[PDB]
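Have a look below at one chain only, the form solved without the DNA, in structure tokens format.
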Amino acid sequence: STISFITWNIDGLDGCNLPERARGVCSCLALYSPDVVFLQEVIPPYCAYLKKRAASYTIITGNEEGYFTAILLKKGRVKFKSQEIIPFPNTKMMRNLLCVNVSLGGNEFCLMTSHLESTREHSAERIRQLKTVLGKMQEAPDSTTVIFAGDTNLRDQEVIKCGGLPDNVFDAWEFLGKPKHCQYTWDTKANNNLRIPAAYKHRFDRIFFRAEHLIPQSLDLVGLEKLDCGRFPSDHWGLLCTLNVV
């Protein structure tokens, strides 16, 4: 059998055109109908809007106030077993690690998302949070399939500069041979929501997994069509991933 998910920083902190952009995100989600959606930078009204328009999804949130992550579970496809929010004690931006244990098909999944500390100057904290995420990924049972997907904010060769990922933790994009068609998920040349004239791009949005039994089949960008307001759903592109379970 196969599983599919979308991971997406939908940029709820940009208050312009936000309902329209929410509608955009939801149309996008409706097109692909992923089993799971990992969202970052959600805000309460956006979350309510999701509860309304993304009605086929069960919404779990990493917080109730400010801005936060969310995991949407396709009703009828994904059965919720439990959730757990691991704190990042030294976050200055309310960041944490949202874990949702679910059953999908006949397989146990630990679904994880976070929006790691932002900006360059908070590299250290971001790395420590990444280490927390990885450790939590290691913690899970061997029977469970562990999938992290989120906005890592990783940049400046931080990962390889820090020794690279552990041996049993795989990057989906790397596993698929680093395709360039979906390498960059944040792109100020292609995306204009931030209205930055200079061309910057990063692979902020990443998918980590641990399993024995899990083979990434595909990786694609989403949210690449402009809306009526002449802007994209978010300053980030979404990442659609499909994986086989064996």
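All residue numbers are counted from 1 along the displayed sequence.
Below, we turn to the form solved in complex with the DNA, even though it does not appear here.
- Heavy atoms within 4.5 Å of the DNA in the deposited bound form are found in one stretch of 114 to 122, 171 to 179, 73 to 81, 130 to 138, which is 114 to 122.
- By the criterion of a heavy atom within 4.5 Å, residue 200 is counted among the residues contacting the DNA in the deposited bound form.
- In the deposited bound form, the DNA stays beyond 4.5 Å of every heavy atom belonging to residue 184.
- Proximity of residue 196 to the DNA in the deposited bound form falls within the 4.5 Å heavy atom cutoff.
- Contact check for residue 153: a non-hydrogen atom falls within 4.5 Å of the DNA in the deposited bound form.
- Shown without its partner, the chain has 235, 236 in segment 220 to 240 as residues with a non-hydrogen atom within 4.5 angstroms of the DNA in the deposited bound form.
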